[PDB]
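A quick write-up on the structure given underneath.
Every number in this text was worked out from the coordinates using simple rules, so none of it is lab data. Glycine gets a Cβ as well: all are built from the backbone with ideal geometry, and neighbour counts include every protein chain shown.
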Amino acid sequence: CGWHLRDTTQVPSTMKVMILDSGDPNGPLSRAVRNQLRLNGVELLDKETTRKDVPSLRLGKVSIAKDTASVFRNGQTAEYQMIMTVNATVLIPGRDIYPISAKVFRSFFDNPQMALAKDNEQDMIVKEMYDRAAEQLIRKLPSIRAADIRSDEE
Amino acid sequence: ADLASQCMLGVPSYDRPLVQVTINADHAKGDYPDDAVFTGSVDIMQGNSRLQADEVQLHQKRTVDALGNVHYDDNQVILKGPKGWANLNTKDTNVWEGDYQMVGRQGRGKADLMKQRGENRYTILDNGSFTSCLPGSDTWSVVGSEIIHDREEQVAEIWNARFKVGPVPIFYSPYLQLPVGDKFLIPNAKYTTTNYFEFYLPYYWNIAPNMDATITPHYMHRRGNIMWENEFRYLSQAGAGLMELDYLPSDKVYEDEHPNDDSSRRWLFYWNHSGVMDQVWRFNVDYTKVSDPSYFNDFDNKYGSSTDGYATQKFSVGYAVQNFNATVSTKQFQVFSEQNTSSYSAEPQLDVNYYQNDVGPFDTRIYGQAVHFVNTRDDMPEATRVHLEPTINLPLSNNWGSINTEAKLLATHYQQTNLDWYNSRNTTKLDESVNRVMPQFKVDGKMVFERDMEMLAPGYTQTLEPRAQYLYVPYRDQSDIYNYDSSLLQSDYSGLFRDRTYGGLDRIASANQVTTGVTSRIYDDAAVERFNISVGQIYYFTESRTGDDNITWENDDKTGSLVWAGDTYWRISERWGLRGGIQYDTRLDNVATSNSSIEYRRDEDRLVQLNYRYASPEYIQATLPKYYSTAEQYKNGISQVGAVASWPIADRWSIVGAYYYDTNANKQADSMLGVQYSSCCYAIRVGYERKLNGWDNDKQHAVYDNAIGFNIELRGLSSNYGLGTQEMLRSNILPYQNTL
């Protein structure tokens, strides 16, 4: 076999307490990221706190774009492709600031009949995209601890 | 060397002082106060600037006068002329018969009198000229009776304007305006086979702090009139937005090709708003409306495409906090096709969520919705729906796995009205009052395994992530509820784990299923994710049904492992990336949908992308209006190969192209070919675009539109030296997206 059950936690132990900072702390990305952090057992502190030795995740711009990816033989839209790009940065006490980002791709067939149903489907896809963006950002945290450690070796 | 480095070789450099009075002369006479004079060659400095002359002749009663070779320069300008004056208290300055150059940016000319005014925010020129072209090059210039420029609002503004190409005037305007600085339209001209000669001549008006308009006459020579384009951009306590209002008073092409209409007017209104106030109030507008169905077939614009079947009209206002949100919205749709007038709208929709974590070991949430559904037709059903969704879950986790148990109650009340036309035409009746109450139960379980991948490269690691979910929802007949909001969703790999088959609340299918999948990831020695692949399937223990089971399929089988899906990404390098996705459905006996891309990007101007998209004929039957199965333009599915590419030549050309091909038709969907040549003071672009743009019902074949276009823009009005690639790459239907 060779396989083993993961011993080290997905969020690195230096980030088991961290600060979540956003221009929109009540909105969709902040809610997706906060739930993803809590499922990993992270303790989250407020943007202003008495601690000075706690890392922070600062959530930046989200861009969502839908474009026609495909057309029927009359040239009307068959499929939209939706891309969500999320930029964030991770700040470590007394150390350099590490950029991280997520890129989420989804698609759906249009229907000009049932336009109201397709908008509910698009809103539901966008809600799922914030969850995949939050996963992708959390899966990038081990690379920040690797770069942090290697910056001392350099 | 890049175009910036070629143009900046003609732009004058500042470096003489250091940046953050002293005087030298051949001779000096008169006492220092009032009438001191310096005779023979003189240079004088103060901080950021120097003045130089054959004579300087002061007075105080504070004024400087200067005669012979008067030359002044600083960190923003050079001024030269035979005579000059300045007031040292007000900072006002004059130079007579002079020439000027900007410092650190392009811009030069002459005036009979050059002035600095208004705490030197304004420069003003009598009988002035302006060009962005480098010294010794005069390929265009603008000449005025008066020119003003404002350094704060970054605009030049000119009265009795003549535009010259070489020495020859080709335009006059009694007033004209040019952008001059960093702070998106610029004066522009086009020729095209679609509209013949065109121009775009934008004017920028500051209305108040951080709200500004761009009123833009757009001429189209094939047509009767100037289109007036009217972008308004703003910031506010409620957030930021853009409005547009395109208008043609009448349109000869629409009057010729759609005669006997009540009026010839063509217009578009677009309003976008988004933002948050006090971190708690959220405002959004996503609204487009047009005069007639054909507007986007006729007019190239940012705010829709000939590719579109409807214009969307959303408004919403919401309150959101950490533990609660409520949003009131309107969703409306202008459908362009005359084939069916039916279009439902939510007028209004109220959505509410409340969240309460740590209630014992449980986390709880409740979702509520109230919506009123209205139709464009007088004879379609109308409804009020109230939905309530109390939810409880128990998240258990450790280092290597998790299990999440969730229970919901799905409670919905319908009051449906205007039923007589439907119930007099259909065998299964709609009911006035319907109550639908359903329990839902979900168990989602995940694990993670790791392995050393030293077979591939030193220190790499492989992760294996198996997931299994059980879902239960008992059957309810819902054929007595009209489907106002519920589209059939698409099963991507992450979609294999939804608790919903339809995107709204008018159809909730029975569920009795296990969904199973695995993801594997490869990480390098930097712990960066280099590769992933995911594969999964849904096994159904009972037919997933709503009482409205009206779908064809190709097999009668409704149990077992019916749905399969998978996805992959490979980050081959920082420059190469490969993506792929597949769905298969045993009810269709076929691959349902698939897509792929491979991409190479060196930089913003050097890239190649190859992509493929597929949808099965049987998937079109199952998921789209029944007549798509019969119509030749829809029934064949999708089997589209695309290639998109950009590359620079000789640091000044960019060549861009795209080609999309239907493999079932053996015919092109779109092809595009852009060539832009960029210089320091102009860029010229050729843009070819051939697209599918309709269907000929009398002959059963595709209608193509060909645009052969040529365009010219001015340059060095701003810091822009980019070769135009990312704009060219999004000019067509099927526009480029970065797949790395």
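Under the definition of partner shielding as Cβ atoms of other protein chains within 10 Å of a residue Cβ, what is the mean value for peptide A:22-28? Each step should come with its number before you reach the end.
Values: counts 1, 3, 5, 6, 13, 6, 3.
Taking all residues of A:22-28 together, the mean is 5.
At 7 Å along Cα-to-Cβ for each site, give me the label-to-label distance between residue B:240 and residue B:32 in nm.
5.2
Name the residue from A:149, B:72, B:133 whose Cα lies farthest towards the positive end of the charge dipole of the protein assembly as shown, charges +1 on Cβ of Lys and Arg and -1 on Cβ of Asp and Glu.
With unit charges placed on the Cβ atoms, the residue in question is A:149.
Quick check: pseudo-label points 7 Å beyond the Cα along Cα→Cβ at residue B:516 and residue B:60, how many nm apart are they?
About 9.6 nm separates the two model spin labels.
Here is the link list: A:66/B:302; A:61/A:140; A:61/B:446; B:446/B:558; B:635/B:667. Which ones come out longer than 23 Å on Cα distance? If you can, show how the numbers build up before the last one.
Values: A:66/B:302 13 Å; A:61/A:140 17 Å; A:61/B:446 31 Å; B:446/B:558 27 Å; B:635/B:667 16 Å.
Beyond 23 Å: A:61/B:446; B:446/B:558.
Under a Cβ-Cβ cut-off of 13 Å, what is the net charge of the residues other than residue B:731 that fall near it, where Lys and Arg count +1 and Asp and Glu count -1?
Working: positive: B:190, B:302, B:685, B:690, B:691, B:730; negative: A:67, B:300, B:670, B:689, B:727.
The answer is +1.
Can you put A:8, B:427 in order of Cβ neighbours within 10 angstrom, beginning with the fewest?
On the way: A:8 11, B:427 6.
Ascending Cβ contact count within 10 Å gives the list B:427, A:8.
For n ≥ 4 DSSP H runs only, could you compute -39500 (n - 2.57) per run for the protein assembly as shown, divide by its residues and tell me the 222 nm figure to the nearest 500?
Numbers: 10 runs with 84 residues, N = 894.
Taken over the protein assembly as shown, the calculation gives -2500 deg cm²/dmol.
What is the order of B:149, B:387, fewest Cβ neighbours within 10 Å to most?
Ascending Cβ contact count within 10 Å gives the list B:387, B:149.
I want the local charge near residue B:271. Using Cβ-Cβ distances under 12 Å, sum +1 for each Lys or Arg and -1 for each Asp or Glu among the other residues. The partial results should precede the final answer.
Details: positive: B:233, B:289, B:314; negative: B:231, B:244, B:286.
Around residue B:271, the surrounding residues sum to 0.
In terms of the Cα gyration tensor, with a ≥ b ≥ c the square roots of its eigenvalues, is the stretch A:13-153 rounded because a/c is under 1.5, prolate because a/b exceeds b/c, or oblate?
Numbers: a/c = 3.39, a/b = 2.27, b/c = 1.49.
In terms of gyration-tensor shape, prolate.
Which order do B:74, B:506 fall in if you start with the one that has the fewest other Cβ atoms within 10 Å? Please list the in-between numbers first.
Values: B:74 18, B:506 24.
Exposure proxy ranking, most exposed first: B:74, B:506.
Rank B:315, B:551, B:85 by how far each Cα sits towards the positive end of the charge dipole of chain B (+1 on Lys, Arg Cβ; -1 on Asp, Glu Cβ) and give me just the farthest.
B:85
What shape does the protein assembly as shown have by the C-alpha gyration tensor, where a ≥ b ≥ c are the square roots of the eigenvalues, rounded means a/c under 1.5, and otherwise prolate means a/b greater than b/c and oblate the rest? Could the numbers behind the result be given before it?
Numbers: a/c = 2.15, a/b = 1.60, b/c = 1.34.
Prolate, because a/c is 1.5 or more and a/b exceeds b/c.
Got a sec? Charge dipole of the protein assembly as shown, +1 on Cβ for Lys and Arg, -1 for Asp and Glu; which of B:199, B:45, B:175 is way out at the positive end?
Result: B:45, furthest along the dipole toward the positive end.
Under a Cβ-Cβ limit of 4.7 Å, which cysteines in chain B have nobody to pair with?
Lacking a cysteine Cβ partner under 4.7 Å: no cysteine of chain B.
Please average, across the residues of B:292-303, the number of beta carbons from any other chain that are within 10 Å of each residue's own beta carbon, and give a whole number.
Details: counts 0, 0, 0, 0, 0, 1, 0, 0, 0, 0, 0, 0.
So the per-residue partner count for this stretch is 0.
Tell me, what is the percent relative contact order of the stretch A:13-153, built from C-alpha pairs under 8 Å that lie six or more residues apart?
Normalised by residue count, the contact order of the stretch A:13-153 is 22 percent.
Find how many whole Å separate the alpha carbon centroid of the stretch B:333-375 from the alpha carbon centroid of the stretch B:173-227.
41
Can you classify the stretch B:54-122 as rounded, prolate or oblate using the Cα gyration tensor, where a ≥ b ≥ c are the square roots of its eigenvalues, rounded means a/c under 1.5, and otherwise it's prolate if a/b beats b/c and oblate if not? List each step's numbers first, then the result.
Numbers: a/c = 1.98, a/b = 1.33, b/c = 1.49.
Oblate is the answer for the stretch B:54-122, as a/c is 1.5 or above yet b/c matches or exceeds a/b.
Explain nothing, just compute: Karplus ³J(HN,Hα) = 6.51 cos²θ - 1.76 cosθ + 1.60, θ = phi - 60°, for every residue of the stretch B:116-121 in order, whole Hz, x for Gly and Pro.
Ordered by residue, 3J(HN,Hα) equals 10, 8, x, 6, 6, 5 Hz.
Give the angle, between 0 and 90 degrees and rounded to the nearest 10, that separates the Cα long axis of helix A:115-139 from the longest principal axis of the Cα atoms of chain A.
20
Dipole of the stretch B:530-663, Cα-centred, from +1 at each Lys and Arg C-beta and -1 at each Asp and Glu C-beta, to the nearest 20 debye?
Numbers: 14 positive and 18 negative charges, 115 e Å.
For this selection, approximately 560 debye.
Sort out for me the Cα centre separation of the stretch B:454-515 from the stretch A:86-154, rounded to whole Å.
21
Taking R0 as 56 Å, what's the FRET efficiency between residue B:541 and residue B:182 from their Cβ-Cβ distance, rounded to 0.05?
Numbers: r = 63 Å, r/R0 = 1.13.
Result of the calculation: an efficiency of 0.35.
For A:75-88, what's the mean count of beta carbons from other chains sitting within 10 Å of each residue's beta carbon? Display every interim value, and only then the final one.
On the way: counts 17, 14, 7, 10, 7, 1, 6, 1, 3, 0, 1, 0, 0, 0.
Per-residue shielding by partner chains comes out at 5.
To the nearest 0.05, how large is the calculated FRET efficiency for residue B:20 and residue B:152 if R₀ is 25 Å and r is the Cβ-Cβ distance? All intermediate terms of the calculation are to be shown ahead of the outcome.
Working: r = 21 Å, r/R0 = 0.86.
With a Förster radius of 25 Å, E is 0.70.
Distance in nm between label sites at residue B:461 and residue B:686, each 7 Å beyond Cα in the beta-carbon direction?
Result for the modelled spin labels: 5.5 nm.
Using 18 Å as the Cα-Cα cut-off, could you pick out the over-long pairs in A:16/A:52; B:314/B:408; A:118/B:314; B:29/B:115?
Working: A:16/A:52 15 Å; B:314/B:408 30 Å; A:118/B:314 13 Å; B:29/B:115 29 Å.
Result: B:314/B:408; B:29/B:115 exceed 18 Å.
Determine, from the Cβ-Cβ distance of residue B:228 and residue B:263 and an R0 of 22 Å, the FRET efficiency 1/(1 + (r/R0)^6), rounded to the nearest 0.05.
Efficiency for this residue pair is about 0.85.
Mind checking the dipole of the protein assembly as shown: about its Cα centre, +1 per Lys or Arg Cβ, -1 per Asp or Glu Cβ, Debye to the nearest 20?
Values: 89 positive and 116 negative charges, 209 e Å.
Its charge dipole is roughly 1000 debye.
When the Karplus curve 6.51 cos²θ - 1.76 cosθ + 1.60 is applied with θ = phi - 60°, which whole-Hz ³J(HN,Hα) does each residue of the stretch B:186-199 get, with x for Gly and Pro?
Whole-Hz 3J(HN,Hα) from phi for the stretch B:186-199: 9, x, 8, 9, 9, 10, 8, 5, 6, 10, 6, 5, 9, 9.
Given an 8 Å cut-off on Cα distances and at least 6 residues of separation, report the relative contact order of the stretch B:503-634 as a percent.
Numbers: 255 pairs, mean separation 22.1, N = 132.
Computed value for the stretch B:503-634: 17 percent relative contact order.
Over what distance in Å are the Cα centres of the stretch B:230-270 and the stretch B:591-661 separated?
31
Once you have all Cα-Cα distances for chain B, histogram them in 10 Å bins from zero and send the whole-percent values.
Reading the bins upward from 0: 2, 10, 16, 20, 18, 14, 10, 6, 3, 1, 0, 0.
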